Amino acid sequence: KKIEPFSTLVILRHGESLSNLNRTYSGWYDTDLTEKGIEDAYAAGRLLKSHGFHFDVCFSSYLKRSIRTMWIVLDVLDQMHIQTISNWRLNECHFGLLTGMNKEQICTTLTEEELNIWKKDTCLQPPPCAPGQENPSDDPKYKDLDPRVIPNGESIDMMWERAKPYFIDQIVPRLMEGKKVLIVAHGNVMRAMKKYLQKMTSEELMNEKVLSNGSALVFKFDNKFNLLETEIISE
C-alpha cells in the first residue's frame, strides 16, 4: 500500500485537434478534437482510472478541445457529476497574426534570431490579427469580457500573466483544502504551470520535451502546499 498525499493536481493535455493534425497554429481558434483526439481522451480517461484518481473538481479553458476532453475523461472515470469549471483565463496563447498559419511559415515570417527566441524562450510576442483576419476573440462567447483584458497576440509570458492569477485565486485554494483537482490544459499552459510549481526558469522549461497528447503530470502536495513529487503518466 502507498501513502496518499494531502492534495493532488493532475494536468492532462487535451487530445489531437484538427489544427494540430493540419499543423496549423490555433491558439484561441476553437478547433475541435479529431477522431484520434477523441480516442486520446478515452485513453487518458482509462489511464487516470487505472491510477485510481477520484477528483473533487475539474478545470478547463473556454476552448472545445479542452472541454470535450474533460467530458470524455469524466465519462470514463464515472465522475460526470463532479464540479466542472471553464474559464477563458486558462486558454492557450492568443496567436494573433499567426492564428491559422502553417507552423512552418513562421520560419519565413521570423528571422533566424527571432526563431531562436520562439523555441528557446517564452517572451516573444506574435503580432496582432491582421485586418480582415478572423479573430477568435470576436466569437460571441467572449462578449462579457472587458475589451481591455482581451488579448491580440500573446507570448507565453503574457498568457501566463493572465492565467496565473486564476490559478492562484481559484485552483490553489482548493489544493490547500485537500482537494484532488483535474485540469485539462493546453500545452503551453501546462508548461507554465509546471515551471511555476517546480520553480524552474524559462530556459530549463523550453529545454524539456513537450508531452504528447493525452499525457499527464501529477503533482502531489502536503498540507502546507509544498511540492512533494511530480510524476509523468502516459498511455
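Don't overthink the numbering: it's just position in the shown sequence, from 1.
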Checklist entry - Looking at the entry, does 143-151 or 88-96 show the higher mean C-alpha B-factor? => result 143-151
Checklist entry - Of the two stretches 27-35 and 201-209, which shows the higher Cα B-factor on average in the entry? => result 201-209
Next on the checklist: Looking at 72, 107, 82, 159, which one carries the largest C-alpha B-factor according to the PDB entry?
Outcome noted: 107
Checklist entry - Which third of the chain does residue 218 land in by C-alpha B-factor: lowest, middle or highest? => result lowest
Checklist entry - Going by what the PDB entry lists, where does residue 11 fall on CA B-factor within its chain: lowest, middle or highest third? => result lowest
Checklist entry - Ranked by Cα temperature factor within the chain, is residue 76 in the lowest third, the middle third or the highest third? => result lowest
Next on the checklist: Where does the C-alpha B-factor of residue 51 rank in its chain, lowest, middle or highest third?
Outcome noted: highest
Next on the checklist: Using the temperature factors of the C-alpha atoms in this entry, rank residue 117 within its chain: lowest, middle or highest third.
Outcome noted: highest
